[PDB]
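Visitor: pasting the structure only:
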Ligand code: SF4
Ligand code: SF4
Ligand code: SF4
Ligand code: SF4
Ligand SMILES: [Fe+3]
Ligand SMILES: [Fe+3]
Ligand SMILES: [Fe+3]
Ligand SMILES: [Fe+3]
Ligand code: NA
Ligand code: NA
Ligand code: NA
Ligand code: NA
Ligand code: NA
Ligand code: NA
Ligand code: NA
Ligand code: NA
């Protein structure tokens, strides 16, 4: 079993994954300065469970063990809320994407979905999945959730693409398992993971049956190639000096995972051709994940903190407009938080026994996350001033000629250390333009689906026929009232009482 | 005991309150067409408790009775959440302000505050207050919450006003009780209430001791005058015909309550000179009330439904831009709901036993409420079209010459009854410009305090120093870290891992 | 000739238009308290021309006379700008819709359109139109612009409606002229006008030929019935007392115009069957009218003033948040102003000699008008406080017992007259919820087309192919560059120089 | 005389400016890959003037020469509008900050300000300034506008700082000129300029008289040290390969200018102790420069085009939500343009003869600029998809094994070259997170002052008392009407009926 962050880091050494970064094979990711910040972030998920056991670990009814909360199958609405509390804490502690939420949300969504496949088909995907959960809980591993394919022409489904590999598919089968080819793009923390769960990314039709595959692969499976994603300001991490990085210790990681006839044994296959359940899996995965964006409220707390610090250093902490902007940042940030925890608080039990958060409220959390981080970032930049983008390099600050000039001229209020003022400005740059903006801004935009995806799911659940009848009642319209034909689950949850 | 909405309406008859409306004494408010819709709204709070007992009634540990949820002192976070579920449901059912939330929030806030006054002062305000709760629970009454005074010069406190009566104060005392003078403005449902609880509206200093008065008065108390507030489109109610009203059955009510040496016996006095607790009472009342604005999400549901209906009648229900606007309305509306129910879900036990919702999240609920109704209304008007403001009167629709012309020319898609298209347009007008916009828009703006009041309360709780230290840690700043000196309660609630006393 | 406002009001007396309001024919609109505010607003357009001749009157090349600017066919970009300056002034002076812009914009758009019909068809519409212009310039009359039909099913065109009358059409022809039936809805100031110009409201196909009719009718034409539109708080005008009206002197007017076989002689027909020019007329009318919404910036000025006045009366004029809100109101209001005048400044000469403002910039003006008045309103309500909607009636203020109580208890800061505080609150109510909100809010929303209409026009002129090529150039993309196939007029205006 | 952009590039060679970048003196900025894109942007200001003479060149009444429009003292409202037309075109052509506007706005503002100093004090700053304009017009030079000092404690003015050098000041004088010390921060294109005009940045009181200094210095003046500013993704320029840069040919430049006893001869001094005119100079400089932000609408045009291109490549160009977002971007961008050109169109003649644009409308232009680029960028990222931030490097694309995998898997619709999809994504990254976002976003925010600065200037001109009286009139309030005590100039311009007097 992995126990500490240090144990986790050790577990990543000597694995010989095939990883391309800047046209070179990376022999040891743990030692690569661009990659190590992402690993440190994951390590903190282990360290928090040691320092704050009630927050970051759970009693598993599946294994009868205390497990890391990222590997816990939620047994109550309270367990869902605890995920959110842990996520905000980790965002405060790291200021970045700590990567492990995807696999948590994947596992929780698989628990219920596998149960339902088996109920219809008489298969044993749920039994297979539970044995997997027991293993990863006992060993305390990091699990990637690999849903999003490259997708090719966005207007066409899998079976209509010119190249069938643009969504991940079964290419062959034998007595011992399946072989899959394809790719998964934008994969958070995959190189830092022990196992990756491949999942379909779209509703599938009967024509798309070969793409109805879910399966768990070890990170070091044969036939996998990882091609690392660049980030804004990525190579600052490779430069000597830590100031210009802004957040030197922590960062995120994305890569493209290429699959060439990768083998998955039957015991790790959780869906095989049951195309009509792809949409259920995507729906439930995105239901959880869309309110895991509570994590971004911890980032928000850090960015607010940074804005308040630079205002202090600049000698204008208590001016009205700055105080007002800091309030606005806080308000926006808490609006996201409220939506996410409301979703979790409103969760309900699924047939398999796992709790699922409220889907509608999850869409609201995520939809606001697509908007507000951009505004929080803009207001931070206002408060910081122009030096947030014109500051000289640390190499210049350390220079014998340029350095004293910078120490003199980049003074803020008397008594503030210029190096501290530099460091806080670089943190702001990092979160609004640089490496951690990838997560704070663009992942807020696209993670668990682009804005339009949330709108379509709100549309599905927003009970417009029910609402029409409310309005007709009040307007005294009686003669054209129609029975709603729509999903009616949301108001059943909103108005749930002990009498149903 | 009042059981039904009909019983409630009968309890309002024959009371001879002194009520001025349009320069006339109103002899029987129940029979006045401008007032009756607000009565109907309150009656629905009784009817809902009969139809949906688990939603709208509660088991009181105070009395051991099943009580209307508006009279219940919340015993759990679940109880707070149920207040919100009830609120949204009543909003859906009435499309208006149903008035009784203010008294519920007042009672909940007084339960904890009176306990704490007594703890310090050795008084028996809490005992008095519980006897009051028992009475109103047994009798199933409507309670007004009368906090906001007229206030005069906004830049000055009570003792600095030119006229001391511009905030409500004690003017005399005797062996049996106190006598108060002043006024309470903007008072929701006061004429429709059985009792009204007077409460200070602002932090009080020692110089403001005379204004540190909380007391319950019967609505028919001697020395009270009510001066009714106008509303946008108020007088449509008094015209024959119901179409132009939009929502003819339900509305809200506000009045100015004047107090001239009104007597309050000791048993109904819940604060008497302990000025240092005024800020506690206001804080806690506003904490509850700022997330009672979940009620406005039920009104949002109605408005969304009206916009979808007119789109249907117009022949364009499925056009992209309209669908996208209805999604937006829904998203903004649910954002408010989420904030309010999160506040309630995150509630904590007070010393007296009552649960208080999360103050920070209440601020967020209300602050959003100050913004989003205005946008939902704008979008509704876009979807409706120009006829929302140019539609001819019902008297023209019923006219032998004009009426057939309107039935011909105001057609929507084939098969839609023109009267139904007119009715839905009037509903939209009513909620965005007319009588129900008073509540949906302007009370969203000012109820439980104007926007700036929320911003100041967010500021008080937003833990800037804590957050500065988070940022310093990540930036590698170590040599100027300061211990925060600020309220730290919010993050204690946010990161609370279990429900414990130790 | 009409010269003064008083002359204009006299011109309206004794006409016996058939006007239904509240199920009764109105005997004398000039004396009806609900109608007279709208008449007063139009009278101000005459009085302004006497007080401020350079602003509100123009030298007409067509008649060789000084004419009211509302009747002037623009001869330069300066003439378009002067329209806007006059509009804002009139908004400041009346705080309402003063009605006469529609006819101005109709006439300017007909001047160019008629010329183009004739260029193609060899007809005499432009010559007819110019004789009409000469007459109304000499007589100094008020002209309604009656474009918008009731429209029936919004998803169907004229020839597809279940009732052909739902758009206005020719129903018969004589040796002397045409006969039209139909209706025009939401008609600004029509009962207050001398002449009304009927115009088609949509693109017409060949099947819609019967609906290709433009003609001028006198307001007292046989076969016309007017049905007056309600407004929020309309009947306050009919109550004794002026306080509760907010703006007692001025207001707007809409009515539904019903046409039953109304005769139009040939000399007043400016389009007869040339369906392919309907789109041109609608485009050019809306081009002008979309930036006539500068008028709403004068209303904004009044509402800002009212907000600042109530802050003063409340004793908090200089508090930071109120100052900031006032600034925001000002910024939004000026953004609308700027878009309007930029459109006008960028105008270009048409074949007929009239100048047309920049259509793209007009769209931007209007689109911002659909948004910002709602925000300005919201902020005014914030500043005013709750009394803006809970204030007792004037009848209570004048009562011998209730009145003294109101004088005492509705005090603001010392020295402020309570009646003045009541008055300013009622003005705010009037402009944000009551009669003048119809114009300020809902007419901002729908006048010259609902928001979507402006979006479609921006789309038509936004030169996406040109922009794609800009980006491809800078990205170093060379091998898939396509020639744009789109209207290219906007950037020709943006970059216009003496060299073309 | 410099004619072409090539001539301009050659003029920059061999000057030996002291420039620190990454802890080294830069030997030849023209050949440094981080610096050359900024140079290329300035070169395009010369090339445009050759290609499009009427747009980018002007007939100067000062010299009687045809001059680059960046060196032209505006003689009409039309000349102000032409500045904005040129700005938007340059933004379209470069997608970056092309640097030369700041000098233009500085020179326009100094023209009127020097005249007024002399009118009061009997000095010859205006005559000196005109000789300077003649020189730079004849030689066709690039002029920096160096106003913003580092400023120290933002709550304190110059004479109150702990270190007097935190705002630039005169430290000595002699028979031939003044000597100045201090620094100027965030200086656009300064290393790419021939001359730099130093100007005070704040209202000055009598105690601040030593800081009341305006003067022109050659970029190669003795006692000057430049310290280059970093930019998001700066070092991509220094890597082999051009794809990951997004916009490889063009970028911006900002440096800290350190002044150590720099000599300015009298003929290049345009203010010397007349502290009461600092406010005037700042106001007028910011008046012009706040609507020079029309430049950002040309950048908006590029970003819109990039968003439309990626939608095409992805196979969803005509989906309603994407079309609607494109429309929104266009609307916000045009709103900025309209405010700027309205300001220009509404310009008025100053005492010296130069035209000044409408200050109120400039504030509105700039204030919208502080908001809308951020939304345009957000929408572009929505349309692009996740690859805008997860795309592998060009070195991976060119790798013999990884490259073919990327060519296969990063396909868009059939027929789209994957290299072109990569390139357009990098352009979007460059403009929203990388090197050109410095200008598009953060300079939109702070250039010519932070948002609060615009709010205070709107407040000064918004004629609240006048508006209160409008509302009083309509409400029927007659007995407490007060005469406004405020600047009344804006509505004088709004309601001006003719071009007179
Ligand atoms: S983006 Fe945030 S929610 Fe998603 S995996 Fe990263 S830390 Fe967790
Ligand atoms: S406004 Fe809403 S929350 Fe307030 S009392 Fe009325 S119904 Fe309840
Ligand atoms: S709404 Fe404005 S632009 Fe339209 S007619 Fe009325 S005053 Fe003129
Ligand atoms: S940021 Fe734009 S306006 Fe400013 S100098 Fe650069 S190109 Fe010109
Ligand atoms: Fe995510
Ligand atoms: Fe309220
Ligand atoms: Fe209009
Ligand atoms: Fe700038
Ligand atoms: Na490093
Ligand atoms: Na580094
Ligand atoms: Na009635
Ligand atoms: Na009625
Ligand atoms: Na009247
Ligand atoms: Na009246
Ligand atoms: Na390079
Ligand atoms: Na490069």
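Guide: Yep, that arrived. Numbers count the residues shown, from 1 in each chain, chains lettered A, B, ... in the order given. Ligands and ions are numbered 1, 2, ... in the order given.

Visitor: Tell me where chain A has strands.
Guide: Remark: strands assigned in chain A by DSSP state E are A:19-21, A:24-25, A:57-59, A:66-68, A:143-146, A:169-173, A:177-188, A:195-198, A:213-218, A:224-228, A:254-265, A:269-272, A:348-349, A:355-356.

Visitor: Given the first one, what are its sheet partners and their directions?
Guide: Looking at strand A:19-21 with DSSP bridges, its paired strands and their directions are strand A:24-25 (antiparallel), strand A:224-228 (parallel).

Visitor: Could you pull out the buried residues of it?
Guide: A:19, A:20, A:21 (16 or more other CB atoms under 10 Å in any protein chain shown). Any C-beta I mention is one placed from the backbone N, CA and C, and that applies to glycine too.

Visitor: what's the closest of those to residue A:54?
Guide: Of all those, residue A:54 sits closest to residue A:19, with 36.7 Å by CB to CB.

Visitor: Buried residues in stretch A:155-171, which are they?
Guide: Buried residues in stretch A:155-171 (16+ other CB under 10 Å): A:157, A:158, A:159, A:161, A:164, A:165, A:166, A:167, A:168, A:169, A:170, A:171.

Visitor: wait, stretch A:5-16
Guide: For stretch A:5-16, by 16+ other CB under 10 Å, it's A:5, A:8, A:9, A:11, A:12.

Visitor: looking at the strands paired with strand A:19-21, which is buried most?
Guide: Most buried of the strands paired with strand A:19-21, by mean neighbour count (mean count of other CB atoms under 10 Å in any protein chain shown): strand A:224-228, with a mean of 23.

Visitor: which residues touch residue A:467?
Guide: Counting by CB atoms under 8 Å, 6 or more residues apart in numbering or on different chains, residue A:467 touches B:301, B:302, B:304, B:305, B:308.

Visitor: Just give the closest residue to it, not the sequence neighbours.
Guide: residue B:305 (3.2 Å; CB to CB, 6 or more residues apart in numbering or on different chains).

Visitor: contacting residues for the closest residue to chain C within the stretch 251-400 of chain A?
Guide: Chain C sits closest to residue A:320 of the stretch 251-400 of chain A, with a gap of 4.3 Å, by CB to the nearest CB. Neighbouring residues of residue A:320 by CB under 8 Å, 6+ apart: C:320, C:321, C:324.

Visitor: And it, how close does it get to ligand 14?
Guide: 41 Å (CB to the ion, to the nearest Å).

Visitor: how close does residue A:129 sit to ligand 10?
Guide: Taking CB to the ion, one finds residue A:129 at 42 Å from ligand 10.

Visitor: meant to ask about residue A:418, not that
Guide: Residue A:418 is 19 Å from ligand 10, by CB to the ion.

Visitor: Run through the residues that contact that residue.
Guide: A:406, A:407, A:410, A:411, A:412.

Visitor: for the third one, phi and psi?
Guide: So the one you mean is residue A:410. phi -100, psi 20 (degrees, to the nearest 10).

Visitor: so it sits right up against residue A:421, yeah?
Guide: Yes. Judged on CB atoms under 8 Å, residue A:410 makes contact with residue A:421 at a distance of 6.5 Å.
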